[PDB]
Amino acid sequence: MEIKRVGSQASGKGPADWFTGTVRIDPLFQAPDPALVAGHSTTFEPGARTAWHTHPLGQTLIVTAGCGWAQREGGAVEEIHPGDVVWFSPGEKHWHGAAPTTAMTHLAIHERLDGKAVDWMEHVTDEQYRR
């Protein structure tokens, strides 16, 4: 049994390669072998969002605060709210982040496949960032 107490993990920032705007990453866990799951919290300032990317075994999002936007390639831009659970499929190309006037926070959970849980791709343009 191991307990990581609230406040004991330092907050970080989202690398400018992988996010447009100001984004905070709050780590939570990464199960050790032979389990593969990891997770963390991510807070997006208004207008901020991930770049396009995919996950090798998909990813689950549990929105925990605010109001955000998300979109897979070919899909419409959807608004997401606290309590909504979002599932992206393996290899599914997508982004997510805040809405233009409100931040958003969600818990993200994904399994690692031989070490890897993400593949980053191009930024979401201001033309894409609209609804």
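In this text, residue numbers run from 1 along the sequence as written.
In this crystal structure, the stretch out of 31-39 and 93-101 whose C-alpha atoms carry the higher mean B factor is 31-39. Among the modelled residues of its chain, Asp84 has a C-alpha B-factor that falls in the lowest third, as given in the PDB entry. Looking at the C-alpha B-factors along this chain, the one for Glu73 belongs to the highest third. In the deposited entry, the Cα temperature factor of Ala10 places it in the middle third of its chain's modelled residues. When all modelled residues of the chain are sorted by CA temperature factor, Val23 is found within the middle third.
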